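Encoded as C-alpha cells, the structure appears first; notes follow it.
Start at 1 and go down the list; that is how both ligands and their atoms are numbered. Proteins get letters first, then strands, A, B, ... in listed order; numbering begins at 1 in each.
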There are 2 protein chains.
Amino acid sequence: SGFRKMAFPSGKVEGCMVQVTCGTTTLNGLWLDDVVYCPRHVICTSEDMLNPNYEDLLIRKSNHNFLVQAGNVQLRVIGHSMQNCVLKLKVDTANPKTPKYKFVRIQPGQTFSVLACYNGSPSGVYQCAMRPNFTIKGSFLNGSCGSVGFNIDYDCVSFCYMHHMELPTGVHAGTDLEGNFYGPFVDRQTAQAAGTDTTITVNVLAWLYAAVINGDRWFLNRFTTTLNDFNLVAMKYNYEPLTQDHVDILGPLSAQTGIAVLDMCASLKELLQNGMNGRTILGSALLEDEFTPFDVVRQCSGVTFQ
Amino acid sequence: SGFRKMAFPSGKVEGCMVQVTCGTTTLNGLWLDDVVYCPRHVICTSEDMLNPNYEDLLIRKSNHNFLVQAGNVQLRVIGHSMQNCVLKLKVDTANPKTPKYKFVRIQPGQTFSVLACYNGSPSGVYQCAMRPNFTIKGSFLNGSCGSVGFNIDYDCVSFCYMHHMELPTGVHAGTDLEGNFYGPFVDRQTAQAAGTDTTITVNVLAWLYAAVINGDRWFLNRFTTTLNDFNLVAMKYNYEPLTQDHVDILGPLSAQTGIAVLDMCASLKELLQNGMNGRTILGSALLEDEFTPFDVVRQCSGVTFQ
Ligand SMILES: *[C@H](O)[C@H](C[C@@H]1CCNC1=O)NC(=O)[C@H](Cc1ccccc1)NC(=O)[C@@H](NC(=O)OCc1ccccc1)C(C)C
Ligand SMILES: *[C@H](O)[C@H](C[C@@H]1CCNC1=O)NC(=O)[C@H](Cc1ccccc1)NC(=O)[C@@H](NC(=O)OCc1ccccc1)C(C)C
C-alpha cells in the first residue's frame, strides 16, 4: 500500500550521459551506439543566443571543436550534423553501455522520468508530465541542458525528452530526440509564451482511483453524472475534456475498484465545485494530474524492469 | 529554476538487487561483496509470521535452502547467519558490480531514496523522510520486502533502510542494514502502534527557503519572532521543536536569501495560524517537510554524483 510519485530506475540512462563542450559552453549529451546527442545551442555564445543563425554558427565548427568526455574516457568526434534542434556527434567508439532504446515523441498528458545532469554526471531523477501546453514543471539549473526524459518497458528505454530551456515562468521546454520542440517554442533567448495550461482530467481520475485503492474514499459521493454534464463542469475549471477513449483507458481501474467512471466524474465534479474543505487525498491538498492510468496500474500491480 | 522531490540516481543500487527464495517465500536481497542481505522473515511461513521464533525456524534451514538469483546468474550460498532482523547469506562469488558503500543508521527527519523492487528487479525510485515516529510514507506492495533506502555522496552509497513491513496505517517500517528496526517495531504480524507523528520543522523552513529562491515569496511577512515564542506555536501544531542547531543548519540558505531564520519562523507561524487561504507554495497546498536543508541546497547548486 501507499502511493508515491515514482520514477523509473535510472541506471540504464546513467550509462549514456556524457559531457559535451564546444567553445566555452558545456552541456550534457546522450551517448547511444556511436552517436552523441545534445542541444544545438551548445555551439552558441551568450551573445549568439539572443538571435542565432544555427547554420552559420555550425559552419564555423569542425569535429575537433567538440569535446566529448564520458566520465574520464574520450570520444573522438568523426562526424557532426544538426537534426532540427539537436546536434549529432559521430564518435569512433560505440558506447559499451548502450541499452535497448527507442526514440519516442510522447503526447501531452503522458509521463516520463527526468535524469537531471550537470557536466555529464547524474544529479537526480524525478517524474513528470508533458503539460497540455507542452511544457514540463521540472527542476533545472544552468548546465542541465541535454538532460533527458525517458520511460522503460521491461528492458527498452524510450527516450522522449531532451532539456533545452527555461521559460519566464519557471517552466521548462525542450525537444524529442529528433530535436523537434514540444510546443511552439524556438531555441532563441527571446520572450516566448506557453499558453493556457489545463489539468489532465484523465490523470486526475486515475489518481482518484489510486486513492480508493489505498483506502481514501471520502470523496466518493452519492451522485452520478453524464459525460456531457461533466465536460461542462470541466471546461469551467480548465480541465481537458473527458472523452470515451479516456473512459476506456480507465476501464481496468474501474473493474478493480467496482466504481463506474461516471460515478467517479461525479465525485470529481463535486470536488471541483466545493473544493476539498481542508481535507487531503493521498497526502495532497490539491487535485493531482501527473499520474497516468498506466502510472496508477503499474504502482498497484508492481511491474518491474531490467 | 523549479523545485522537485528528487531522488538519487539508482544505477549503483540496481546492480546489487538480487532475488532471495527460502521455502515458498521470495523477497529482495542486497548483494554487496560476497554477502547477500535480506529480511529474516524470508524464512517464515504465513503461519510462522503471527508469532515467529526466528532462532528455531532458522535452525531448520541450511545453506542450500536459500535460492539466491541475480537476474539469471546464481550464487552458491556457503554460509548464513542472522544479525538482528537481517539475514546474511555468504555466497561464493563477490558481486562484480559492488559499489563503494557504507551502512548508515539515519536520524529521524533525514531523507533517502527508495528503490522499490519485486523479485530482485527494480520497479521505481522515490524520495522520503524518516518520520519523527520512525516510519516512512512509502509505496510498497507484496514482495517489496528487502528493498533498500540509500543516499549517495559522490561515489559512495550509504545504505540506510531495508523494508520489512507495512503497518495498519499504510505506513512502512523497516531496519538499517545491521537489521535493527527504526522505531519500536518488531517483525511479527501483530498489532503495532507507531505513535504520534510530528512535522519536521527544520525541513519545512528549508522548503520555505526553497520557495523564496524560486520566486514564491508571498508568505514572507512583516513580522519576526523569538525562538521560544515560535516553539510555543510549534508545539500547538505538533511541529518538532526548533533548536539552535537547526538554526545553524539553515545558515547557508539564510545567507543566500538574505532572510533571517527567525523572520522565516515568523512567516511560518502566521502560516500555521492562518493557513494558506487557498494559495500554494512550490505547487503544494500543504506545508512540506520531506526536504532537508541539504536537499534544498543540493537542488539549488546542482551537486552531482558518480
Ligand atoms: C542549459 O544548461 C540552460 C538551462 C536553463 C538555465 C536555468 N534553467 C534552465 O533550464 N538553458 C539555457 O541557458 C537556455 C540557453 C539557450 C541558448 C540559446 C537558445 C535557447 C536557449 N536559455 C534559457 O533557458 C533561458 N530561457 C529563455 O531564453 O526562454 C525565452 C525567453 C523568455 C523570457 C525572456 C527572454 C527569453 C533562461 C531564461 C536562462
Ligand atoms: C514483504 O514483501 C511484505 C510487504 C508488505 C505487503 C504490503 N505492503 C508491505 O510493505 N511484508 C509483509 O508481508 C510483512 C510480513 C511479515 C512476516 C513476519 C513478520 C513481520 C512481517 N507483513 C506486513 O507488512 C504486515 N504488517 C504487519 O503485520 O504489521 C503489524 C500488524 C498490524 C496490524 C495487524 C496485524 C499486524 C501487513 C499488514 C501485510
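Contact atoms of ligand 1 toward A:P168: 32 (C), 33 (C) (distance under 4.0 Å to a heavy atom of the residue). Listed by number with element, the atoms of ligand 1 under 4.0 angstrom from any heavy atom of A:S144 are 2 (O), 4 (C). Listed by number with element, the atoms of ligand 1 under 4.0 Å from a non-hydrogen atom of A:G143 are 2 (O). Listed by number with element, the atoms of ligand 1 under 4.0 Å from a non-hydrogen atom of A:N142 are 2 (O), 6 (C), 7 (C).
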| task | Could you go through the side-chain contact (heavy atoms from CB on, under 4.5 Å) check for A:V20 and A:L67 one step at a time? | result | CA-CA 6 Å; A:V20 172; A:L67 281 314; over 6 Å; no
| field | Candidate pair B:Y37 and B:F103, rule ring pair (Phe, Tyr, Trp, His ring centres under 6.0 Å), full reasoning | value | CA-CA 12 Å; B:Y37 307 82; B:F103 291 164; 5.2 Å; yes
Could you tabulate the donor-acceptor pairs under 3.5 Å formed by side-chain atoms of residues 165-176 of chain B, not counting sequence neighbours?
{"from": "B:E166", "atom 1": "OE1", "to": "A:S1", "atom 2": "N", "distance (Å)": "2.8"}
{"from": "B:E166", "atom 1": "OE1", "to": "B:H172", "atom 2": "NE2", "distance (Å)": "3.1"}
{"from": "B:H172", "atom 1": "ND1", "to": "B:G138", "atom 2": "N", "distance (Å)": "3.1"}
{"from": "B:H172", "atom 1": "NE2", "to": "A:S1", "atom 2": "O", "distance (Å)": "3.2"}
{"from": "B:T175", "atom 1": "OG1", "to": "B:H164", "atom 2": "NE2", "distance (Å)": "2.9"}
{"from": "B:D176", "atom 1": "OD1", "to": "B:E178", "atom 2": "N", "distance (Å)": "3.1"}
{"from": "B:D176", "atom 1": "OD1", "to": "B:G179", "atom 2": "N", "distance (Å)": "3.1"}
{"from": "B:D176", "atom 1": "OD1", "to": "B:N180", "atom 2": "N", "distance (Å)": "3.0"}
{"from": "B:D176", "atom 1": "OD2", "to": "B:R105", "atom 2": "NH1", "distance (Å)": "2.9"}

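Here the shortest heavy-atom pairing between A:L57 and A:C44 reads CD1-SG, 4.2 Å.
Residues B:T26 and B:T21 have side chains that bring a donor and an acceptor to within less than 3.5 angstrom of each other. Inspection of the A:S121 and A:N119 side chains reveals no N or O donor paired with an N or O acceptor under 3.5 Å.
Closest to atom 10 (O) of ligand 2 by heavy atom, among B:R40, B:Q192, B:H163, B:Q189, is B:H163.
Remark: ligand 1 and A:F140 share an N or O pair separated by less than 3.5 Å (distance only, no angle test).
Contacts of B:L141 with ligand 2, taken as heavy-atom pairs under 4.0 Å, involve the backbone alone. Contact annotation for B:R188 and ligand 2: only backbone heavy atoms (N, CA, C, O) come within less than 4.0 Å of the ligand. Both the backbone and the side chain of B:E166 come within contact range of ligand 2, each with a heavy atom under 4.0 Å. At a 4.0 Å heavy-atom cut-off, ligand 2 touches B:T190 through the backbone alone. With a heavy-atom cut-off of 4.0 Å, B:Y54 touches ligand 2 through its side chain alone.
Nearest protein heavy-atom neighbour of atom 1 (C) of ligand 2: B:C145 SG, 1.8 Å. Here the protein heavy atom with the shortest distance to atom 19 (C) of ligand 2 is B:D187 O, 3.0 Å. Among all protein heavy atoms, the one lying closest to atom 22 (N) of ligand 1 is A:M165 CB, 4.1 Å. The nearest heavy-atom contact from the protein to atom 17 (C) of ligand 1 is A:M49 CG, 3.2 Å.
Under the 4.0 Å distance rule, the nearest protein heavy atom to atom 39 (C) of ligand 1 falls outside the cut-off. Protein non-hydrogen atoms do not reach within 4.0 Å of atom 13 (O) of ligand 2.
The side-chain tip of B:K5 points at the ring of B:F291 from less than 6.0 angstrom away and within 45° of straight on.
Salt bridge status for B:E55 with B:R60: absent, with no side-chain N to carboxylate O gap under 4.0 Å.
Side-chain atoms of A:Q19 never come within 3.5 Å of backbone atoms of A:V68 as a donor-acceptor pair (strictly under, hydrogens ignored). In this structure a side-chain-to-backbone donor-acceptor pair under 3.5 Å is missing from A:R4 to B:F140. Judged by distance alone, with hydrogens and angles left aside, the side-chain atoms of B:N133 form a donor-acceptor pair with the main-chain N or O of B:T135 at under 3.5 Å.
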